[PDB]
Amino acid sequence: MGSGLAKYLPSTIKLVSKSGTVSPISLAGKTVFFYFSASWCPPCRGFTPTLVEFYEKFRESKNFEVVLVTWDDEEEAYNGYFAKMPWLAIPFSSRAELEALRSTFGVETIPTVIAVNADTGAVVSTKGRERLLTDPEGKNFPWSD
């Protein structure tokens, strides 16, 4: 499946992990959080470790993945910031794909997490950046509505 997630990206993209690459289709069956963030954004820098801790605890139990959608435009800054994260990222050089996601989800501000269902493409939630702060165990994950 994962054909819902794949419709948000070119068919030829691979996501980057810490060690290799990941085909979007491999996220089938998961809730996928597009995390719009930048190393130069102070609230992003403070929110990232909150999301990292949640991912460490619940990635498998809640069956989700995070995909960084960078607003960094300098590759070394991107590299150092993504090094702090355990999840996936759109490659730094995929500038048009990054901008298409901003337009598609109407992302006016960072940090923002947009959750989609990888199989259907449906938007699952848009306020996780705020809701995670008062729900560290994710009892109300994925924070819909």
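All residue numbers are counted from 1 along the displayed sequence.
Just going by the entry, 22-30 versus 56-64 on mean CA temperature factor gives the higher value to 22-30. In this PDB entry, the Cα temperature factor of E108 sits in the bottom third of its chain's modelled residues, the lowest group. In the deposited entry, the Cα temperature factor of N117 sits in the middle third of values across the chain's modelled residues. Among the modelled residues of its chain, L133 has a C-alpha B-factor that falls in the middle third, as given in the PDB entry. When the modelled residues of the chain are ordered by their C-alpha B factor, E74 lands in the highest third.
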